[PDB]
Amino acid sequence: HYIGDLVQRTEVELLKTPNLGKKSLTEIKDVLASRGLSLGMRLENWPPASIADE
Amino acid sequence: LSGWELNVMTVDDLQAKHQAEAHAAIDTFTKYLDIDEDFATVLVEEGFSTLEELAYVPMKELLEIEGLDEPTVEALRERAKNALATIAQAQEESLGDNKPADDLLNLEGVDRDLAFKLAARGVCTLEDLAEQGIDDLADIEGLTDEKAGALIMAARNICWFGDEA
């Protein structure tokens, strides 16, 4: 539901599932061109330190 | 409760379905047996299970109706010949309607019928099957979402790792 969950998983792991399509790969590339998501990161589960509970 | 399949319709819907089945069976029997239509209507009026493989049933009760039907058994053999042509049309259904290439046919985890069902949606090669999605392959009831996902993943792996043997 959140793009943080998309950034938590690798692009190779998403490419190993056929739920994404060929045009969806191009859309994912267009989204990752801004380098805000799908940059190959690893989170704790959800929250960064700036994302703190208060 | 009865254990057998049921169909629910209206009475006028029953008459409409009987008229549609009558017209379809009359057109099929006229195309397959080469007879007149005015006699075909009067024959299919009394005919139970109007015209489909009824030669195994006793056709001597049709001699109680008016007219002679001596040569029609030979027409049944002609129907068999037409069935052979129909079988050739089934071969056309294998071949003429977007037959799958050697890459799609030799893909592991898919049979000839599954390859034909996948290639019936415009695809021809394994790369074309990889271009299709799970939702696009879900239109065919023969393939399930997990099976279409596995086939798409296998085709994408064959396309991506084709450099390695």
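- The deposited coordinates for this entry were obtained by cryo-EM, with a reported resolution of 3.6 Å.

1. Considerations on the overall build of chain B
- On a plain count of helices and strands, chain B comes out with 8 helices and 0 strands.
- Mapped from its N terminus to its C terminus, chain B presents α and β elements in the order α-α-α-α-α-α-α-α.
- Principal-axis analysis of the C-alpha atoms places the extent of chain B at approximately 75 × 40 × 25 Å.

2. Focus: the overall build of chain A
- Secondary structure summary: chain A contains 3 helices and 0 strands in total.
- Its C-alpha atoms put chain A at 40 × 20 × 20 Å along the principal axes.

3. Quick look at the domain arrangement of chain B
- Assigned domains of chain B: these are domain 1 (14–92) and domain 2 (112–161).
- The distance between the C-alpha centroids of domain 1 of chain B and domain 2 of chain B comes to 40 Å.

4. Quick notes on unusual backbone geometry
- If you check the backbone angles, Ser38 of chain A has positive phi at about 60° while not being a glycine.
- Along the polypeptide, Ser38 of chain A turns up in the segment after helix 3 (22–32).
- Even without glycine at this site, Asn98 of chain B takes up a positive phi of about 60°.
- On the secondary structure map, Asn98 of chain B appears in the loop between helix 3 (72–95) and helix 4 (102–105).

5. What about the environment of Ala101 of chain B?
Residues and elements named next belong to chain B.
- Within the secondary structure layout, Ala101 lies in the loop between helix 3 and helix 4.
- The spatial distance from the C-alpha of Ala101 to the C-alpha of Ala115 is 9.2 Å, given a sequence separation of 14 residues.
- The contact partners of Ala101, leaving out residues within four places of it in the chain, are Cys124 and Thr125.

Cut-offs applied
- Residues numbered from 1 in each chain as written, not as in the entry; some residues may be left out.
- Chains lettered and ligands numbered in written order.
- Part of a larger assembly, values for the part shown.
- Heavy atoms only, no water.
- Residues with missing side-chain atoms left out of burial classes, pairs and counts.
- Helix = DSSP H or I, 4+ residues; strand = E, 2+ residues; numbered from the N terminus.
- Domains from an automatic or database assignment.
- Contact = heavy atoms within 4.5 Å.

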